[PDB]
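# Observations on the three-dimensional arrangement
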2 protein chains.
Amino acid sequence: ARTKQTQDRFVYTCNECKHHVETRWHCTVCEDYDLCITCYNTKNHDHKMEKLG
Amino acid sequence: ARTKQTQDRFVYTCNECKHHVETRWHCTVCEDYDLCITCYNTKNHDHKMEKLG
Ligand SMILES: [Cl-]
Ligand SMILES: [Cl-]
Ligand SMILES: [Zn+2]
Ligand SMILES: [Zn+2]
Ligand SMILES: [Zn+2]
Ligand SMILES: [Zn+2]
């Protein structure tokens, strides 16, 4: 038997271009700062970042 | 930036023992009939089944 269960998930946007991102450079210092790959390679953030997918 | 999004998913139980199942034998004929592996191997359903995980 199957039923529906409601749950949540995280959805990310690039803090710079405001676009939806799944692969993202995540700031290890800011609380809530992510960049798309293009913005990472264009306007680089002055904190250590990690690339998450 | 991250925010929460609400969404749903399917959760399955064994129609026989009523336990939660993730690996399950699914009836190809009934609309809503699943068996856990133990119940599949114990009280077999008189329809073709497929094993889903
Ligand atoms: Cl990159
Ligand atoms: Cl089996
Ligand atoms: Zn961007
Ligand atoms: Zn930062
Ligand atoms: Zn069962
Ligand atoms: Zn059946």
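The record lists X-ray crystallography as the method behind this PDB entry and 1.95 Å as its resolution.

For chain A, the name recorded in the PDB entry is Histone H3 peptide-Histone acetyltransferase p300 Chimeric protein, with Homo sapiens as its organism. Readers searching the PDB will find this entry under the title "Crystal structure of p300 ZZ domain in complex with histone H3 peptide".

With that settled, consider the interface of chain A and chain B. Listed by partner, the interface residues are 18 residues for chain A and 18 residues for chain B. In total, about 2,100 Å² of surface goes out of reach between chain A and chain B, with carbon and sulfur atoms giving 42% of it. When the area that chain A buries against chain B is broken down by residue, the three leading residues are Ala1, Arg2 and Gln7 of chain A, summing to 35%. The tally of links from chain A across to chain B stands at six salt bridges. Here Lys4 of chain B and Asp8 of chain A are joined by a salt bridge, their closest N and O atoms 2.8 Å apart. Along the contact surface separating chain A from chain B lie 19 residue pairs in polar contact.

Further remarks concern the pattern of salt bridges. Taken as a whole and judged by the stated rule, the model has eight salt bridges over all chains. Where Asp32 of chain B meets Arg2 of chain A, a salt bridge forms, and the shortest distance between an N and an O atom there is 3.2 Å. Taken together, the positions of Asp32 of chain B in the loop between β3 (24–27) and β4 (34–35) and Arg2 of chain A in strand β1 (residues 2–13) put the pair across two chains. By relative accessible area, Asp32 of chain B is classed as partly exposed at 27%. Residue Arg2 of chain A is classed as partly exposed on the basis of its relative accessible area of 29%.

Calculation notes
- Residues numbered from 1 in each chain as written, not as in the entry; some residues may be left out.
- Chains lettered and ligands numbered in written order.
- Heavy atoms only, no water.
- Contact = heavy atoms within 4.5 Å.
- Buried area = accessible area lost by both parts, 1.4 Å probe.
- Salt bridge = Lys/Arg side-chain N within 4 Å of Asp/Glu carboxyl O.
- Polar contact = N/O pair within 3.5 Å; in protein donor to acceptor, adjacent residues only side chain to side chain.
- Helix = DSSP H or I, 4+ residues; strand = E, 2+ residues; numbered from the N terminus.
- Buried < 20%, exposed > 50% of the residue type's maximum accessible area, 1.4 Å probe, protein only.

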